[PDB]
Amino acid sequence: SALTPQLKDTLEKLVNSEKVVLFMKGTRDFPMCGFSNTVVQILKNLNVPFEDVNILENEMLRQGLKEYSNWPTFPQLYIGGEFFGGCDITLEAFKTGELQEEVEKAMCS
């Protein structure tokens, strides 16, 4: 395994600390990857507030999230403390309107 009871507890706490939490390569102002950039732009377009976490400077967290989310890469988007999806799924839910529905639901709880 790549995670422990404490790591899992912290991750659960981390993804629930804000309504929308984005795990990316780089920072919102300085995306290190095109895939990470697309999600940030999506989120900026919708005017939804969010927390961005750079996983390029913390391997334990990176490897733990891959297992926690059961998704091998980043970006990884969380909404309402539940894993929403990686790049492809976030882009599609954006075109579809499902992304917005999810965020609203989260913002209004």
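Don't overthink the numbering: it's just position in the shown sequence, from 1.
**Q** On average, are the C-alpha B-factors higher in 100-108 or in 1-9?
**A** 1-9 has the higher mean C-alpha B-factor.
**Q** What stretch has the higher average Cα B-factor here, 76-84 or 47-55?
**A** That would be 47-55.
**Q** Quick check on the deposited entry: does the C-alpha B-factor of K66 sit in the lowest, middle or highest third of its chain?
**A** Bottom third by C-alpha B-factor.
**Q** Quick check on the deposited entry: does the C-alpha B-factor of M32 sit in the lowest, middle or highest third of its chain?
**A** For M32, whose C-alpha B-factor we compare with every modelled residue in the chain, the answer is the highest third.
**Q** Is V40 in the lowest, middle or highest third of its chain when residues are ranked by C-alpha B-factor?
**A** Middle third, going by the recorded CA B-factors of the chain.
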